[PDB]
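Worksheet: one structure, shown below.
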Amino acid sequence: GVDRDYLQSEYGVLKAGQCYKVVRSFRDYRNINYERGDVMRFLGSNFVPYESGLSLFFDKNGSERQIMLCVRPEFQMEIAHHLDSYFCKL
């Protein structure tokens, strides 16, 4: 999958190698829903300043998921700026 060596190892509360429970269901920029109760391991992030395009990479049951968030008020800044509303460690 994604080349991990390009990824930032921490993004706010998210630390690579740690597992997180989704504590509020949310939909990403691709309009994919992640359901409360889901558990995923953080792999790392990448931010593309031009598009305000934040990618949060996770492992879920062995499959790589790219959660894409557009970090703008009208899109998903809400999620990117309040990650502890959405993810809880353990």
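If you're wondering about the labels, chains in the structure tokens are A, B, ... by order shown, residues count from 1 in each chain, ligands from 1 in order shown.
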Taking the DSSP secondary structure from the backbone, can you list the residues of chain A that are helix (DSSP H, G or I), as a PyMOL selection string?
chain A and resi 4-6+77-80+83-85
Mind the document's chain letters and residue numbers, and return as a PyMOL selection string the residues of chain A that DSSP labels strand (DSSP E).
chain A and resi 10-11+14-15+19-22+26-27+33-34+39-48+53-60+63-70+87-89
For residue A:62, which residue out of A:42, A:29, A:81, A:89 is the nearest one, using only C-alpha atoms?
A:42
Best match for closeness to residue A:87 among A:74, A:10, A:38, A:5, counting only C-alpha atoms
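Counting only C-alpha atoms, the residue closest to residue A:87 is A:38.
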Contact residues around residue A:33 with only C-alpha atoms at 12 Å, ignoring same-chain residues under 2 positions, as a list in words:
residues 22, 24, 25, 26, 27, 28, 29, 30, 31, 35, 36, 38, 65, 67 and 68 of chain A
Quick check, in Å to one decimal: how far apart do atom CA of residue A:52 and atom CA of residue A:37 lie?
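If I compute the distance from atom CA of residue A:52 to atom CA of residue A:37, I get 27.6 Å.
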Of the residues A:21, A:1, A:16, A:59, which is the one nearest to residue A:88, using only C-alpha atoms?
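Among the listed residues, the smallest separation from residue A:88 belongs to A:21.
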